[PDB]
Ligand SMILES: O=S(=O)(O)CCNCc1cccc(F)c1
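Okay, here we've got a single chain as structure tokens, the form deposited without the named molecule, with questions on binding and movement later.
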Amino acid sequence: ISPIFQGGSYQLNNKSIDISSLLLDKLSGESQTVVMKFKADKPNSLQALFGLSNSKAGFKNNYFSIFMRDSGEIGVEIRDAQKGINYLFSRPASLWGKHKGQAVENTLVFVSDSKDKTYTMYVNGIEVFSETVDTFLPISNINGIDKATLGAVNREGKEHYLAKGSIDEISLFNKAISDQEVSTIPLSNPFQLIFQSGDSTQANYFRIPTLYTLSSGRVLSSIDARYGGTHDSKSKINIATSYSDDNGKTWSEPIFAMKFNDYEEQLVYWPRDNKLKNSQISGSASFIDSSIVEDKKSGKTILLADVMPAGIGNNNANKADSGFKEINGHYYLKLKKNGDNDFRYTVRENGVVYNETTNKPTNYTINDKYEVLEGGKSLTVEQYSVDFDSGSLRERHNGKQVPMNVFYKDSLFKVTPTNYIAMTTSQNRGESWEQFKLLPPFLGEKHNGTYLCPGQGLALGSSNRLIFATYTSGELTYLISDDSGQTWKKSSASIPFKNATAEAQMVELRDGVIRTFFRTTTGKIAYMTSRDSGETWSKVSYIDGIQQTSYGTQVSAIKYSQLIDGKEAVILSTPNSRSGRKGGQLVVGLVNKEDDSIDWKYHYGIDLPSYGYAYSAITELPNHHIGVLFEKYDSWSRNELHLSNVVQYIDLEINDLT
């Protein structure tokens, strides 16, 4: 089908453009598609890009509009007072503003389908909403429509929602074009997706990106594949990985590094309305917050993540219990059997389940996958699925049997309801991952596990030392291994906050000198330095010139391999904002060789100050470009929960930064 109207290069400079004569009498039938390529790098707070309205006195509420906000939100209104219909559909964080100093051409496709009674919006190749209604209102069947407008809506003769931006191309069709047809429309995206809705994970949501450049040149990424909306644990979340062998140009279909199967991997559209949006999968085990390092010694890749038993997250984890029992200098995983009121069991060497009241082995063992065996025979549990068919969240058995795991709700033997850290390794650079092992507790029997800092671990350049930053109340707790992650020791570093989410990332400034940058509750990013490969740590200082919110956001950090302005360089990625998670920046600092202080010299705005930027991952690609995988939305805001395909990847060169 050919367009019934096509036009382009319209400048919207706070003055609408009337295209009624060109468009109105071409509109026919009850189904329409609008295709629009547009730029808006300095949008007004709220502005219409396109409008069809009744401009007459008395009919102010009779119009169709496609509108955007300076927050990045896109949406439509479809309104007809006579019909008693006022439809508004939208999604936050759907737009790009600028990339590498140039306004981004967004590609918008809106489909109004009378046959299916469905309105669907795509932006930059991503479906941001699809809504079916009982009473369909065709966009050009609004009573008394007499104006077609760009850059405003004509209401009662006056310009409402005046726009600043440009419409490079606009086309309309008297048909609802298929999803297939939509896929053929060319895009001008400044970004790519590594993980995405409908991929191999079957998670509709993702959070907590990581990136790490391996010695082979392979670039590896990990992520929370989150099934029950974007909620932190408790939920169902797996850890997924993908890699690129061509400097980030293309990426492998994701596989899992850590997964549980007590609940089905379901691609679910999580409700965003105020009544149901806090619906949360409450009986599933999960993993959350991963971190990657490569070991030069063995060549193995190592990935850690937090582990949460069924129904457990940070909010309800038992804080006074590691989940392990100390018996003769060694730590053993505690287990509670169905029916008991105490944890009367432990898991000893070779997975033998021991009875603590009788100090005798049982006929039960735990295999490498933390699954329960009786007499060497695999026990099973029935898997759960979730649905909203009854109007609220339901979690129910689905008929399928899966191996019984001690992290599950339905297991005969269950671990302590608290948080743990696990580790897995890969011997083929992310092509497959081993079964995960639990790390031991580092701060005693009666202290819950520390929390992994998402992102990268640190491999020291001049030794075989590996360090993973973690945090808990009152300190950073660095985990240190000198034997390829076979054994770990802690190095504690006090910080001046209680109960902070002190997400920390490290860079090696020079041989044995580690600077750690971390999130606080002060509105400023902090740092500390070690000069002995992580054995001891300095007092805490703070970075000026960057602002965060009171609650803070993860900061990612790397040491760049090449000199910049003749100096060693570190690069930080963070939102720069005191208001919310937005205003994403890369900040380039040069190291003063005389005292290791850093002059934060260059700031690169990832996109508009008002557009979303939350958790982030950066890595120096093998060709010396910079890869950034980041949450392009406000992942703190309760208005921006459960958005799909907002974790995005871009490629930058150093010259773009400076």
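In this text, residue numbers run from 1 along the sequence as written.
In this entry, 587-595 shows the higher mean Cα temperature factor of the pair 613-621 and 587-595. Annotation for 96-104 versus 569-577: the higher mean temperature factor (C-alpha) is found in 96-104. Of the candidates 364, 89, 517, 433, the one whose C-alpha carries the top B factor in the deposited record is 364. Out of 253, 356, 508, 232, the entry records its largest CA B-factor for 356. Per-chain ranking of the deposited C-alpha B factor places residue 375 in the highest third. When the CA B factors of the chain's modelled residues are split into thirds, the value for residue 540 lands in the highest one. Annotation for residue 64: CA B-factor lies in the middle third of the chain's modelled residues. Placement of the Cα temperature factor of residue 600 within the chain: highest third of the modelled residues, per the deposited record. Among the modelled residues of its chain, residue 351 has a C-alpha B-factor that falls in the highest third, as given in the PDB entry.
Not on display, but discussed next: the form solved in complex with the named molecule.
With the partner removed from view, the residue among 155, 414, 519, 582 that has a non-hydrogen atom within 4.5 Å of the named molecule in the deposited bound form turns out to be 519. Checking 401, 114, 314, 183 for any heavy atom within 4.5 Å of the named molecule in the deposited bound form turns up a single hit: 314.
The stretch among 341-349, 323-331, 283-291, 238-246 whose residues place heavy atoms within 4.5 Å of the named molecule in the deposited bound form is 283-291.
For the marked spot (232, 503 and 635), a heavy atom within 4.5 Å of the named molecule in the deposited bound form is present in each of the three residues. Heavy atoms of residue 150 never reach within 4.5 Å of the named molecule in the deposited bound form, leaving it off the interface. Shown alone here, residue 108 lies farther than 4.5 Å from the named molecule in the deposited bound form, counting heavy atoms only. For the chain shown alone, residue 471 is a contact residue for the named molecule in the deposited bound form, at least one non-hydrogen atom being within 4.5 angstroms. The named molecule in the deposited bound form is not approached by residue 191, whose heavy atoms all lie more than 4.5 angstroms from it. Looking at 195-212, the one residue that comes within 4.5 Å of the named molecule in the deposited bound form, counting any heavy atom, is 207.
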